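Residue-level listing of the chains:
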Amino acid sequence: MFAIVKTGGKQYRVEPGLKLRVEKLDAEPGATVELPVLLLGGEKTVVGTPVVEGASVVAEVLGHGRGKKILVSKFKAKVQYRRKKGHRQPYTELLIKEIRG
Amino acid sequence: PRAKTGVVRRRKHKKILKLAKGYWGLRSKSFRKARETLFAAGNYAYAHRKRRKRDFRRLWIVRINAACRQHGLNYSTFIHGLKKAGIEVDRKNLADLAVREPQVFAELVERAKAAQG
Amino acid sequence: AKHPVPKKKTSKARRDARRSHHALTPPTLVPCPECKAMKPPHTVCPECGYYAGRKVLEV
Amino acid sequence: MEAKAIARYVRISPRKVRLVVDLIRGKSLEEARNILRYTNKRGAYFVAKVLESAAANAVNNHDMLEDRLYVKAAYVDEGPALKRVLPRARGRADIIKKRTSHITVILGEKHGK
Amino acid sequence: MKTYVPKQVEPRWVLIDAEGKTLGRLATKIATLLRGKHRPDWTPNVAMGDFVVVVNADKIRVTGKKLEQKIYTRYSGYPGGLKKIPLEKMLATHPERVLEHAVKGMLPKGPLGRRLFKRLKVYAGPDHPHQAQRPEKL
RNA sequence: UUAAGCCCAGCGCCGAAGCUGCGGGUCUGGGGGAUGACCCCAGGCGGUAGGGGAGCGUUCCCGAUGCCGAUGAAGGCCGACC
RNA sequence: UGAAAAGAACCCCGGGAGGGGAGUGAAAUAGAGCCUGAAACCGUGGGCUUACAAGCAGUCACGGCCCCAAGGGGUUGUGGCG
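Quick look at the structure, then.

## Comments concerning the protein's contact with RNA strand F
Right, on to step 1. The environment of RNA strand F is formed by 31 residues, the closest being A:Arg82, B:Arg54, B:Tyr75, E:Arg25 and E:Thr63.
Right, on to step 2. In RNA strand F, the atoms that sit within 4 Å of the protein are 81% sugar and phosphate, with bases accounting for the remainder.
Right, on to step 3. Side-chain polar atom of B:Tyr75 to a phosphate oxygen of RNA strand F: 2.4 Å apart, as the coordinates give it.
Right, on to step 4. With respect to RNA strand F, the side chain of B:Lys92 contributes an N or O atom lying 2.8 Å from a phosphate oxygen.
Right, on to step 5. Every element with two or more residues in the surface near RNA strand F is listed here: α1 (8–19), α2 (33–68) and α3 (75–83) of chain B.
Right, on to step 6. Broken down by class, the residue content of the surface near RNA strand F amounts to six nonpolar, 10 polar and 15 charged.

## Observations regarding the protein's contact with RNA strand G
Right, on to step 1. Taken together, 40 residues are adjacent to RNA strand G, and B:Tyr44, B:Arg52, D:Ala5, D:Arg8 and D:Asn61 come closest.
Right, on to step 2. Those elements giving two or more residues to the surface near RNA strand G turn out to be α2 of chain B, α1 (12–19) of chain C, α3 (43–61) and β1 (69–78) of chain D together with α4 (111–117) of chain E.

## Concerning helix α2 (residues 29–37) of chain D
Residue and element names in this part refer to chain D.
Right, on to step 1. Among the residues of α2, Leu29, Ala32, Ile35 and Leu36 are the ones counted as buried. One face of α2 carries all of its buried residues, which in axial projection span an arc of 115 degrees. Turned more than 90 degrees off the buried face of α2, the exposed positions are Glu30 and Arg37.
Right, on to step 2. In this fold, the buried residues of α2 make contact with α1 (14–22), α3, β1 and β4 (101–109).

## A short note on the nonpolar core
Residues and elements named next belong to chain D.
Right, on to step 1. Of all hydrophobic cores here, the largest spans 27 residues; its most connected members are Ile24, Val47, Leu51, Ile103, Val105 and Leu107.
Right, on to step 2. Among the elements of the structure, α1, α2, α3, β1 and β4 are those that each provide at least two residues to this core.
Right, on to step 3. The leading source of residues in this core is α3, at seven residues.
Right, on to step 4. Those residues in contact with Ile103, other than ones at most four positions away along the chain, are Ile6, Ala7, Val10, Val21, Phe46, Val47, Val50, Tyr75 and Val76.

## Thoughts on the packing of α3(B) against helix α4 (residues 102–115) of chain B
Residue and element names in this part refer to chain B.
Right, on to step 1. As a packed pair, α3 and α4 sit with axes 8 Å apart at the nearest point and diverge in direction by 75 degrees. Considering the angle they form, α3 stands roughly perpendicular to α4. Mapping the contact onto sequence places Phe78, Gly81 and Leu82 in α3 and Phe105, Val109, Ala112 and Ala115 in α4.
Right, on to step 2. Classifying every residue of the contact of α3 with α4 gives six nonpolar, one polar and no charged.

Rules behind the numbers
- Residues numbered from 1 in each chain as written, not as in the entry; some residues may be left out.
- Chains lettered and ligands numbered in written order.
- Part of a larger assembly, values for the part shown.
- Heavy atoms only, no water.
- Residues with missing side-chain atoms left out of burial classes, pairs and counts.
- Near = heavy atom within 4 Å.
- Polar contact = N/O pair within 3.5 Å; in protein donor to acceptor, adjacent residues only side chain to side chain.
- Helix = DSSP H or I, 4+ residues; strand = E, 2+ residues; numbered from the N terminus.
- Nonpolar A, V, L, I, M, F, W, Y, C, P; charged D, E, K, R; others polar.
- Buried < 20%, exposed > 50% of the residue type's maximum accessible area, 1.4 Å probe, protein only.
- Arc of directions from axis to C-beta.
- Contact = heavy atoms within 4.5 Å.
- Core = buried A, V, L, I, M, F, W, Y, C linked by side-chain atoms within 4.5 Å.
- Axes fitted to C-alpha atoms, helices over the stretch in contact; angles between N-to-C directions.
- Parallel < 35°, antiparallel > 145°, perpendicular 65-115°, else oblique.

Right, dumping it as structure tokens:
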């Protein structure tokens, strides 16, 4: 099956079981379930119909073994006598586990 | 109490050096030729992360367009055909459908021209 | 110390680059009759010598 | 296995001998001998001697057997240079550097099938 | 996170000629063709696109008058002369180029656009003694 | 070259570090408030000369008749870890 | 230098110098202007990479090759920006 959900002002297409980062969510615990909106069924032998925001109730079932991740970066602005290496952004990641469509 | 320079500096430099490893010449052998570089490298990355974003914006349009052009229509027309139809979707990016599962796209195209009947 | 002068330290690159053609060339020696030693071509080496021509000492 | 030599503080610029040396890098001891024997340079007489001794060692010390050995590797390093003053016109005076070299040579056994 | 990459394709050529057209108005479309700008599996860094072949060269219309009005400076020897050439010349004295040039100044400047220009294959035909799969496009 | 030029109309895309979206940071304001400085809300956060506020390291003394220390100090050389 | 000369007998290469074994020592990359031994700088070996391409030398992006595997390192062929 196919599918396209939106999260964090961004929209991804998911399948029947997988995921990566998505951006911090109040899903406080790791072992928890949340369902994000959907945008295009998936065309498979189950459907293949989109529509206006596709707010047809149906959504994706997502669990998630996460923990606010981070990452290197180093943002060094620099003009001239002006240096500001004063920046480390790791950005909080939120790993999810897509379940069913 | 005389506070010698002692170690401090050496370290302060090794750091910047590591950062500039693999660079061209003294560019990666000079406690300062390195520095100067790491500077350009500074904005370069920063300025680019800003570019990359709008880099793919375009990088996609091409696909979309050079994809739905096969069904006799302008990316221009196409899009409009959606806005006035309804579709906070596709995400110039997610118009990856035009490639993977092109039938998914097809319906969209026909869906598109529809709004302009 | 005067007029024309280097305007920049030459890069370790272009430095070596300039030497590409410096490699030495192995001498050219050959079997040599009598002794299974070596001598360069067209040469009388002080060991066996030549024929009709002197050299070192032999018997 | 391998037999080393190394003759330090020779007194000849590195660049200068590196030349005769690269001329024997990896070769039959038997051949290099001839080579240096007829290579017109000064390095010869130096790398000669050394390479000749690596041989000795190889035998006398590591029972490697002459006939089977060659030039595993060899190279040369800068030694501490001797600075000297050179009277220059109009009393300028410069420091000439009588450079110095460290010739290392390591034999090795060729094969045995 | 996503991605969108194409594997090793298979150069699907094209034979073409609309000598009833205006070079340029044509050339573009040819260039557009050259680099895979139509084929929705884009990758400006790859080098995938049609192997375009143009036959029946010249015969090309060219709007208003270029009776020496269209000059080809293009050549600058080196000592004092920048040899100029009007259209008429190239047409008579071996044409083809006429279109060729029109294509170069449409293909990107890098070793790629350089490589892409290597694709284009124009002749003063008809007759393209060089094909095994001419997929004549309209 | 009935244009890829000029003038008069119409619709639509493109497009910036602008404005929205989602997340993180920080400083002021107002309240929560069983103060806990622990969370909401609303705004601000380009920057030379300057002004103001926080911090990080170096040597030394008190802590030391102490505590680490050959089961390895100091310094050095590496590392994609925290 | 080392706690201490125990400072390298003897054999081998070499005119010598230097070395290779041997031997002392906790340690000889502690062997004598010898603790530790940073950087510039000169080398040997290995990995990736270069002989149609125009550059403040980097940055962003894909792709390939080389050491551990829903990841990382190293390199860099095009492309974008400088």
